[PDB]
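Novice: Here it is, the structure in full.
Here the Cβ is made from the backbone with ideal geometry for all residues, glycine too, and neighbour counts use every protein chain on show. Basis: the model, the stated rules and, where named, an outside source; no laboratory instrument gave them.
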Amino acid sequence: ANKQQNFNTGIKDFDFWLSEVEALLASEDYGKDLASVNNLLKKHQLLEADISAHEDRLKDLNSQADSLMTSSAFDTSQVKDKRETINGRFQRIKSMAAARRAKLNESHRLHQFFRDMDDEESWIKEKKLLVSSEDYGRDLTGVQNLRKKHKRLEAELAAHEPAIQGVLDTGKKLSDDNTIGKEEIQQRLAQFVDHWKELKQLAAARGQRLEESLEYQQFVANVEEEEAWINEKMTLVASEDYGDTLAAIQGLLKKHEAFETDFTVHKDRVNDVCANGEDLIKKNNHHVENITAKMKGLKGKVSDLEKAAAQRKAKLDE
């Protein structure tokens, strides 16, 4: 119930706690997300406290050692290395605890960082969803509204570009600070970049496919404009009735010489409309299909008018 027995009893108890703490510090788990990391840190704070509280016992055990080396009644050499072992071992758990606390804080910034990368990955995904629209509008006004909307989306992205780079810059910085999971951040940054590049590729294609619709709708609009005029003329021309007096003849014939002139101007605007169309075909337009058809129709109606305008004259130039 005194020193000799005491020191040795104390040393065996401390030895027991040491191996146990060492076993715990054998951990290689550092978290997989914020949830666990937090749990690991809370758990590691308890252990650190336990080791800190063990310093009194360590001070005491060394005191006992000191006073035992002051007696020749036995051979001190025994307590000597015992004192030197626990002090060594203690020092090592301190060091390891420190090492574990470091990798855990590292891990915490890592998963926190992925938290952020995630926020922007979902933002990109949302935009990918909008830009994948295949709504190209069924008419001039419609197309313009779609373009007006697409233009503000491309602005949204341009406005957000700095946040995207931020993730990137923040990330490369962790990779340089050998954050425990270097292999993991190298794969996510790579992936994060592809998503972004995709989103921009997709917005480019969409935007250009829209200009095509705009140009096309604009072509269709012009074709119909000339056809509406042709349909009108197609009518008047269908009026044979020359009354029964010479006066009404030139009256019509005059209105026909006048029609003939208008028709020249118009069948010329038709050539431009077709030239316009041909050009769209040249620049490879989504609607090379309708352009062909719409042109074949116009020209046809031009012939038809050319057929009736002649026979009317055929009676009027009498």
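Novice: Suppose we filter segment 28-42 for residues that are exposed (fewer than 14 other Cβ atoms within 10 Å of the Cβ) and either in contact (Cβ under 8 Å) with a residue 60 or more places away in the chain or of a type outside the set (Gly, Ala, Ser) (or both); how many remain? Don't jump to the end; show me each part of the working.
Specialist: At the first step, the residues of segment 28-42 found to be exposed (fewer than 14 other Cβ atoms within 10 Å of the Cβ) are 28-29, 32-33, 35, 39, 42.
Applying the additional criterion that residues be either in contact (Cβ under 8 Å) with a residue 60 or more places away in the chain or of a type outside the set (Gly, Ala, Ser) (or both) yields 28-29, 32-33, 39, 42.
The qualifying residues number 6.
Novice: Next question, about the same structure. Pull up segment 307-318, narrow it to residues that are of a type outside the set (A, V, I, L, M) and touching a residue at least 40 places away in the same chain (Cβ under 8 Å), then point me to the one that is farthest from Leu214 (Cα to Cα). Outline the logic, then answer.
Specialist: So the first thing to find is which residues in segment 307-318 are of a type outside the set (A, V, I, L, M), and the list is 307, 311-313, 315, 317-318.
If we keep only those that are touching a residue at least 40 places away in the same chain (Cβ under 8 Å) as well, we get 312-313, 315, 317-318.
Numbers: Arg312: 39, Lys313: 40, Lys315: 45, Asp317: 45, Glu318: 49 Å.
Applying the filter and picking the extreme gives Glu318.
Novice: Identify the single condition in (1) closer than 30 Å to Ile281 by Cα; (2) touching a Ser or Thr at 6+ places or on another chain (Cβ under 8 Å); (3) not aliphatic (A, V, I, L, M) that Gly181 does not satisfy, given that it satisfies every other one.
Specialist: Exception for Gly181: condition (1).
Novice: Do we find a residue being under 30 Å from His111 (Cα atoms) and surrounded by 15 or more Cβ atoms within 10 Å (Cβ to Cβ) anywhere in segment 54-77? Break it down stepwise before answering.
Specialist: Filtering segment 54-77 down to residues under 30 Å from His111 (Cα atoms) leaves none.
Taking every residue of segment 54-77 in turn, none turns out to be under 30 Å from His111 (Cα atoms) and surrounded by 15 or more Cβ atoms within 10 Å (Cβ to Cβ).
Novice: Here are the criteria: (1) more than 41 Å from the chain's Cα centre (by Cα); (2) part of a helix (DSSP H, G or I). Tell me which single one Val223 does not satisfy.
Specialist: (1)
Novice: Go through the residues of segment 269-281 one by one and say whether even a single one is loosely packed, with under 14 Cβ neighbours inside 10 Å, in contact (Cβ under 8 Å) with a residue 24 or more places away in the chain and closer than 29 Å to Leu146 by Cα.
Specialist: Yes, some residue in segment 269-281 is loosely packed, with under 14 Cβ neighbours inside 10 Å, in contact (Cβ under 8 Å) with a residue 24 or more places away in the chain and closer than 29 Å to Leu146 by Cα.
Novice: Same structure again: Out of all the residues in segment 282-305, which are over 14 Å from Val220 (Cα atoms), assigned to a helix (DSSP H, G or I) and either without any contact (Cβ under 8 Å) to a residue 12 or more places away in the chain or in contact with a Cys (Cβ under 8 Å, 6 or more places away or on another chain) (or both)?
Specialist: Residues of segment 282-305 over 14 Å from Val220 (Cα atoms): 282-284, 300-305.
From what is left, the residues that are assigned to a helix (DSSP H, G or I) are 282, 300-305.
Matches in segment 282-305: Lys282, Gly300, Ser303.
Novice: Can you tell me how many residues in segment 157-183 are assigned to a helix (DSSP H, G or I) and free of Cβ contacts under 8 Å to residues at least 12 places away in the same chain?
Specialist: The initial filter retains those residues of segment 157-183 that are assigned to a helix (DSSP H, G or I), namely 157-176, 182-183.
Narrowing further to those that are free of Cβ contacts under 8 Å to residues at least 12 places away in the same chain: 158-159, 161-162, 165-166, 169, 173, 176, 182-183.
So the count comes out to 11.
Novice: So which of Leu61, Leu46 is in contact with a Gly (Cβ under 6 Å, 6 or more places away or on another chain) and assigned to a helix (DSSP H, G or I)?
Specialist: Values: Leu46 fails: in contact with a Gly (Cβ under 6 Å, 6 or more places away or on another chain).
On inspection, the qualifying residue turns out to be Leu61.
Novice: Follow-up. Is segment 74-91 home to any residue that is free of Cβ contacts under 8 Å to residues at least 40 places away in the same chain, outside the structural domain of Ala203 (by CATH) and not in a helix (DSSP H, G or I)?
Specialist: There is at least one residue in segment 74-91 that is free of Cβ contacts under 8 Å to residues at least 40 places away in the same chain, outside the structural domain of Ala203 (by CATH) and not in a helix (DSSP H, G or I).
Novice: Still on this structure, I have one more. Tell me the residue from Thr141, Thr170 that is in contact with a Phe, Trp or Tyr (Cβ under 8 Å, 6 or more places away or on another chain) and of a type outside the set (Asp, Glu), please.
Specialist: Numbers: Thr141 fails: in contact with a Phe, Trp or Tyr (Cβ under 8 Å, 6 or more places away or on another chain).
Within the list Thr141, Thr170, the selection yields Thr170.
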